[PDB]
Every structure is written in C-alpha cells, then in structure tokens.
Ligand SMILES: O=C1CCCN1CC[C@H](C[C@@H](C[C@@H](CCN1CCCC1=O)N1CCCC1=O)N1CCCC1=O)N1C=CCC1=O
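As a starting point, one isolated chain is supplied in structure tokens, in the form deposited without the named molecule.
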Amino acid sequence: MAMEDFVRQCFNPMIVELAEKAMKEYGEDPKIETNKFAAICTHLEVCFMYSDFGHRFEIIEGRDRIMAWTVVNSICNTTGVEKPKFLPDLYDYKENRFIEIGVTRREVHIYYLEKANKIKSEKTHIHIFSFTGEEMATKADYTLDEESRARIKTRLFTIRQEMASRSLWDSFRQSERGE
C-alpha cells in the first residue's frame, strides 16, 4: 500500500510509532486501516504542532490513558477546572480550559457539530481544522496567533496534496475513519 509508505515517509517516526502503537493495542492493523493510520498521524501532528506554538499548552493526546488521566486529574486539582468525561487533546494554561482538536475531511461546521454534540455538557474549547484551510473554534476564539494557525493549515493542505500526488486523496476524503 502506497498509503502505508506515504505515512512512513511524511510523518516523523515518533508520530508513526505512537499511531501504530494505539492502533495495534485496539486490534487494528495499519497495513489494512491505512486511511485510519494516516488520519491518526495527521491529527497527532496537529496536536503536537498546536502545543509547540506555545509552556502555554499541556499535551494530553499522544500519552497512554494512565498518564493522560494523571495529567488531567493533576490540572483539575490545581486549577479547580471540572474534569471532562473524555480525554481532550490539550490544556491551555493561559485561558485555563481544555481544548479538543478536530481534523476533518468534511466541512468544518459539520465536524464541529459532531464534536460539540459528543462532549456537550463539557466546557471544553473546540478547534476544528480542515485540509482546505478552514477552521472553526468555540465562540470564534481560535486561541493561536495567525502565524501558528497558518502553519497548521499549510501542513494540512500539504498532506492533502501529497496524498493527491500519490492518487490517495480520494480514498482518504471519502473515508471518515479516524474522525
């Protein structure tokens, strides 16, 4: 599969490893669910890129569940912030709110709704990105400066166009696996 190769060649090895690990613990084969793999890596990379653009952010995504919950519980005890039911992706120490990051092949408002409805009754901030350079964020608060946002969007668009070079983008966009 080109898709498997694309992933190994366009994401850094820690991201790939982390994606593979997660898949293989829940019985998923990256060589089979290649769209899922690409999506997991893609979303991981966005999470990492988002935290890098500020110790503004605590990274929750990309850790095992024990460590993720340890971090969340720790943030809650020391801030007062209510505990989410789902593991979010980051915590913002400046705005003092968790963030859920969405990356979607569909329209951003569509995915935004899905997410807001999945974690309704949470006060988690939501930030959605597409592969078209659209974003949607709770209360149009986008958290990052334009440069950081622009860097994420360029990376996403670039993934898309790489997939398209390799005739993989049509499969990927018509799949929702990983969202």
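Sequential numbering from 1, following the sequence displayed.
The next section is about a form of this same protein that is not shown, the form deposited with the named molecule bound.
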{"property": "Open or blocked, once the named molecule is placed by superposing site C-alphas in the deposited bound form (3+ ligand atoms within 2.4 Å of backbone or C-beta means blocked)", "result": "open"}
{"property": "4.5 Å heavy atom contact, residue 135 to the named molecule in the deposited bound form", "result": "no"}
{"property": "Touches the named molecule in the deposited bound form: residue 63 (any heavy atom, 4.5 Å)", "result": "yes"}
{"property": "4.5 Å heavy atom contact, residue 158 to the named molecule in the deposited bound form", "result": "no"}
{"property": "The named molecule contact at residue 18 in the deposited bound form, heavy atom, 4.5 Å", "result": "yes"}
